[PDB]
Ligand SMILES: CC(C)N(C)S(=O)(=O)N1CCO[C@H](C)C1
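Next comes just one chain, in structure tokens: the form deposited without the ligand.
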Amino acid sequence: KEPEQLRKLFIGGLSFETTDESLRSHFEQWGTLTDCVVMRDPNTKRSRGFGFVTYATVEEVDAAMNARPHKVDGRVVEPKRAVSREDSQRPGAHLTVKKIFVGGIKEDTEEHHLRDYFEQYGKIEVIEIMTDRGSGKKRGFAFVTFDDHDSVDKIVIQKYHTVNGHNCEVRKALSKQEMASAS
């Protein structure tokens, strides 16, 4: 079976009325749910406005994501690939972004290399192999922009990515300022 983390989706912006039951009832329309829950406050027991649904397979998760937008209990919710508690620590881990930072690429890396690995995740909009705007020297990293934020999410939850024959690190792209605020 596939890892639990990869079979689970975070569901944000849940209506105040949504319960484990109403959530399950909606998302079961795209597969077998092995888990479904609405996070509530320990004391007040009130909904925190978000939850999680987990399918028996990633194929079902993908089906659910392909079924966006999702309206549950009259409120449009925001389903996202569940990010592990560990990665949830990294800055910007939960941002809705369409661009990824690809670091550790061989100097001879060309765009076709990036396409050959990343296209399988979604429509690529822009590819930028970074160089020093002065010496023209390759800096060893690129930026790839997709059409759907879920492409980025499907990618960053994986651990390894092979580009131009060798593994590379892929994170969500932070802005010039976000980088600063994280340093």
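Start at 1 with the first residue shown and count on from there.
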Is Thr96 missing in a third or more of the other PDB entries that were compared?
no
In at least a third of the other compared PDB entries, does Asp87 have no coordinates?
yes
Return whichever of 41 to 49 and 145 to 153 has the greater mean Cα B factor according to the PDB record.
41 to 49
Read off the CA B-factors in the entry, average them over 76 to 84 and over 105 to 113, and name the higher stretch.
105 to 113
So where's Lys123 on the chain's Cα temperature factor ranking, which third?
lowest
Third of chain Cα B-factors occupied by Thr162
middle
By its CA B factor, does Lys71 count among the lowest, middle or highest third of the modelled residues in the chain?
middle
Per the entry's values, where does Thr19 land by CA temperature factor relative to the rest of its chain, in the lowest, middle or highest third?
lowest
Looking at the temperature factor on the CA atom of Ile129, which third of the chain's modelled residues does it land in?
lowest
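Only in words, not in the display: the form solved in complex with the ligand, which the text now covers.
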The ligand contact at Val163 in the bound PDB entry, heavy atom, 4.5 Å
no
Interface residues of 128 to 145 toward the ligand, as seen in the bound PDB entry [heavy atoms, 4.5 Å]
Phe141, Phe143
